[PDB]
């Protein structure tokens, strides 16, 4: 049972994508997770993009767990250096049919009033009380307080290539971050037992957020654009 899809670009009204909140697809085919008006990103924005169909990461009958690989390109343009850009974007897996969570440092995937489990890879740009120096790549399991973290230097407005791979047999989740214009390579890995944290069927997608109003800083913002994306998952079941 192999499931896969590929988007070299994004078209408006794409039937295989579920856009939520501020998420929208632009004319020039880029997936803009957070709000951008007249070429300028605003604060108080939150958006998600889910692959319309659910994917099966494990089977209770056989006990088998799926292995998967996903690649995508994103771009984060930080127009206002001071006081501080916010908040970042993440790739995530969660139960099907969830709603957008809290914005800000929660990226729109965590909802304290009705927490739902999730596994996510974050590209954190703002330093919250629970964060190490930013920007950083982080592996999140049911929480925004990463299990593993690695710092990286952003290529403002540049293109970033990401490769995320999950090995069911070793339970290793390894992500690679590359900024082709700078030739920089960042790597991070950790052990995650999907069968233990998530249900058999899940949704895969992205979520991002800009500065929260409570910070009283309209400059706390940046873009969170997804340029392309492919996914592939295999269940030996």
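Numbering follows the first chain given and starts at 1.
On average the C-alpha atoms of 94-102 have higher B-factors than those of the other stretch, with 145-153 and 94-102 being the two compared. Just going by the entry, 166-174 versus 46-54 on mean CA temperature factor gives the higher value to 46-54.
Comparing the C-alpha B-factors of 185, 36, 33, 198 in the entry, the top value falls on 36. Of the candidates 29, 70, 203, 67, the PDB record gives 29 the highest C-alpha temperature factor. The entry lists a Cα temperature factor for residue 83 that places it in the highest third of the chain's modelled residues.
The PDB entry assigns residue 212 a C-alpha temperature factor belonging to the highest third of its chain's modelled residues. Ranked against the other modelled residues of its chain, the C-alpha B-factor of residue 191 as given in the entry falls in the lowest third. Compared with the other modelled residues of the chain, the Cα B-factor recorded for residue 226 ranks in the lowest third. Per the deposited record, the Cα B-factor of residue 74 falls in the lowest third when ranked against the other modelled residues of its chain.
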